[PDB]
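>>> How does the following fold in three dimensions:
(chains A, B, C, D and E)
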Amino acid sequence: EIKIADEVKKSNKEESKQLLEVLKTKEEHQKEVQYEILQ
Amino acid sequence: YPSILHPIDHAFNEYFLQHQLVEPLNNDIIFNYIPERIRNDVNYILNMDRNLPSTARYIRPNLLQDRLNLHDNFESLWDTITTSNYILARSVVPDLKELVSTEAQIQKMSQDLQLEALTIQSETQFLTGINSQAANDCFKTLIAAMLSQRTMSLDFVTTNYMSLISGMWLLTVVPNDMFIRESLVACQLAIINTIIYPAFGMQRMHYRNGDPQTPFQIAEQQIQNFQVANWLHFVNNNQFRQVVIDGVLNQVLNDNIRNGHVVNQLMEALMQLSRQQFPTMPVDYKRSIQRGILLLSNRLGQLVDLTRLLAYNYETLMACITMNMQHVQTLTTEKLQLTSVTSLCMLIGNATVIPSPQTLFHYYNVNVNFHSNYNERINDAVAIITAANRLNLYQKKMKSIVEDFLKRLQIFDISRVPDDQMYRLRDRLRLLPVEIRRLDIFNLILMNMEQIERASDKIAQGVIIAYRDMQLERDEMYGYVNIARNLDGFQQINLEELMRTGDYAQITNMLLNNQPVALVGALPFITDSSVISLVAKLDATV
Amino acid sequence: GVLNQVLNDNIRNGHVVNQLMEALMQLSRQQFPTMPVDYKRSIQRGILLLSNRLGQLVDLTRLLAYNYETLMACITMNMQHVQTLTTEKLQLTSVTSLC
Amino acid sequence: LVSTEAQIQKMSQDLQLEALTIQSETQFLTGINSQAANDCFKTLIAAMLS
Amino acid sequence: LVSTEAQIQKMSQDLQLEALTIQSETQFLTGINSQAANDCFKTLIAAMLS
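Numbers count the residues shown, from 1 in each chain, chains lettered A, B, ... in the order given. The relevant structure is shown in the block below.
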């Protein structure tokens, strides 16, 4: 569940998918550090 | 035409004939009925297909400004009116056209920002709220608010520095007096702390909450740079110019905003920030800021033209206003997301959008109808009020009348209004004069009401008592009658005074001792037609 | 022949409340120099509420005084002032309701 | 008397407490009802008469 | 107070944290929870009183 427009999610351009992968990685890093702190 | 009439009837009919409201009509009056500015606007062309005769007529409205001053201590009703006009204005602002695609812009933004995946950055949040439907939301919010003169707040976050940057454009092309204080104080404070003072090594800031001076004021007189100080000077001293035009007050922009030149000083300022190392703070902070403001530098020309477009549509829609557009802070605000401001500032280009003349005529007719109805209902209320006062109606509570005045203004809910506002509003309405039609009709009633009350052979205007064997009059529609038509000599007692404060001591003393007296007030009576009732003195048994 | 604790005759007629609302309009119009604004505004507007209840509070004061004196007339014993031990409570919410 | 609710809406929207960050949100507009105003009206007069 | 994770995002972003680097900025985020702050706030005053 990402906070970005429909036409970027469904965009079959490469830069859009690269962006989405980057952002997912950002999210998961943040979650890793939060989970650590809570541990 | 011939007619048969009583003189009162003739008075009223003749007044109806002479003082009827119609005016000859022709195409010149069709033009001149349109506002000046729109005819004088070269972008609009106007024709027609008819030639109206001298036979034609038209009725004119009453576009007289507010006699009641609802912009003073009736702030709830003013909030209502202001909201109503705001959400009307939203309905007529154009929808933007040929916007930039969201992905086409997000890709440029992302490659300009070099978004590393592994490491954490403040720079991802700049992509927050870049859709369309926010660009139009801001474009439709700002103008509608400036037209309605409805204040609006700023909801935002202290980590999306792009919001703080776009706030600069905002606070240029929109006066600080248009917002509510605490919100833009927070915005200015964020901006000062995180773009400006670190860009000159100044202290972070020490801002007191209820400080009278907003942060951009005492920032104007700490830093040492001409560009930024001039920018701040414009911001702090930007405010609407009041000016009365074609009968209506107008809140006009600087005319340095109507052309886009403010944006050039804003660019000067942002560039003189880009050329500053941040000695206090690390490389990545500076990197973030300078990227964030390159994103707006590269949109400079679009911003210039956007500002021009906003000002243009604002004045163009302003031309279609009839009620004076007072500037007072409202109770309730409109939310404004700075993410939408970012979206507008970023997604815009090569597409002018102008209000169709149909939207303009609609936004004019709506306000005209509301304004005429406001004035006419005021006249109604003032008429009945002045008439109840001049008719000495002292038991009448003037509250239902204000309900009838507000129900007819079809935007207010009276089920949840107080009952003291009605009497304050009454206190204002008493001061207003009456129009001519109603006043003249009333004055025709006043000089003739007594003569009407003489008729209606059901009540009589008083009864005399005089213990003396007086004579009956030789009237010819009757025969002999116990009638009087002067009431002179024998003194008189009013009955409403006696029915208010029961003091029957006077009348009782006068009746028991058989003193002559008259009794004055509408009283019934029976027609007795027997001489045997006369000889026996029965009219003294009552 | 009976003692009586009477009022001022600038209260029995409601005229002093005009002075009150003058003071309250002034307090409305002021800057609260050190104060926050979201709280300043609410205070000013809550003041304006009673400043709009002017005539109604004149009416209240006059009615109150009238009923008090009419009932005072129906007293036979001297009515004297002493600080009593126990004390009737009065909730200012109730005075707010009345005003 | 005036509609209580008509004063409650108005006071709520004029004071605008939800905008604030204080802890008297419901507690301001308590006792505003009738059966409080008549109580005070009686209490003042009785206490001055006694 | 300010929320804790709300503060951890701001701290992470002001302390730009690389996923694959054993650097000392991570330890800055340790023990930042609420109710440690109440513990200190009570401890200090209670000691300076006692």
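>>> from here on, contacts and neighbour counts on C-alpha atoms
OK.
>>> Report the contact partners of the spatially most central residue of chain B.
With distances taken as CA atoms, centre = their mean, chain B has residue B:81 as the residue nearest its mean C-alpha position (5.4 Å). Contact partners of residue B:81, counting by CA atoms under 8 Å, 6 or more residues apart in numbering or on different chains, are residue B:411.
>>> and if you look at the one 3 residues further on?
Listed by CA under 8 Å, 6+ apart, the contact partners of residue B:84 are residue B:411.
>>> Can you classify the residue nearest to the centre of chain B as helix, strand or coil?
Secondary structure state of residue B:81, per DSSP: H, G, I helix; E, B strand; the rest coil, is helix.
>>> Which residues belonging to the top helix by length along chain A are considered buried?
Ranked by residue count and defined by DSSP state H, the top helix of chain A is helix A:14-38. The neighbour-count check on helix A:14-38 (16 or more other CA atoms under 10 Å in any protein chain shown) flags A:15, A:16, A:19, A:22, A:23, A:25, A:26, A:29, A:30, A:33, A:37 as buried.
>>> Also near chain B: which of those residues, exactly?
Filtering those for neighbours of chain B using CA under 8 Å from any CA of the partner chain leaves A:15, A:16, A:19, A:22, A:23, A:25, A:26, A:29, A:30.
>>> Check those residues one by one and keep those near chain E.
When contact is defined as CA under 8 Å from any CA, those meet chain E at A:29, A:30.
>>> ok, so of the ones next to chain B among the buried residues of helix A:14-38, who is nearest residue B:429?
In terms of CA to CA, no member of these lies closer to residue B:429 than residue A:23, at 64.0 Å.
>>> Quick one: classify the closest residue to that closest one other than its chain neighbours as helix, strand or coil.
Residue nearest to residue A:23 in three dimensions, not counting chain neighbours: residue B:117, with 6.9 Å by CA to CA, 6 or more residues apart in numbering or on different chains. Secondary structure, three-state DSSP: residue B:117 is coil.
>>> Can you give me the neighbour number for residue B:117?
Residue B:117: 20 surrounding residues under other CA atoms under 10 Å in any protein chain shown.
>>> I figured it hits residue A:25, correct?
Yes - judged on CA atoms under 8 Å, residue B:117 makes contact with residue A:25 at a distance of 5.8 Å.
>>> In the stretch 51-200 of chain B, what residue lies closest to chain D?
Residue nearest to chain D within the stretch 51-200 of chain B: residue B:76 (7.8 Å; CA to the nearest CA).
>>> next one: the helix or strand where that residue lies to chain centre, how far?
Assigned by DSSP states H and E, residue B:76 belongs to helix B:75-89. Remark: helix B:75-89 is offset 7 Å from the chain centroid, using CA atoms, centre = their mean, to the nearest Å.
>>> Packing partners of the helix or strand following that helix?
On the C-terminal side of helix B:75-89, the closest following helix or strand by DSSP H and E is helix B:102-113. On a contact count with 3 or more CA pairs under 8 Å, 6 or more residues apart in numbering or on different chains; DSSP states H and E, helix B:102-113 meets helix A:6-9, helix A:14-38, helix B:283-297.
>>> Just the closest residue of chain B to chain C, please.
Residue of chain B nearest chain C, by CA to the nearest CA: residue B:210 (4.6 Å).
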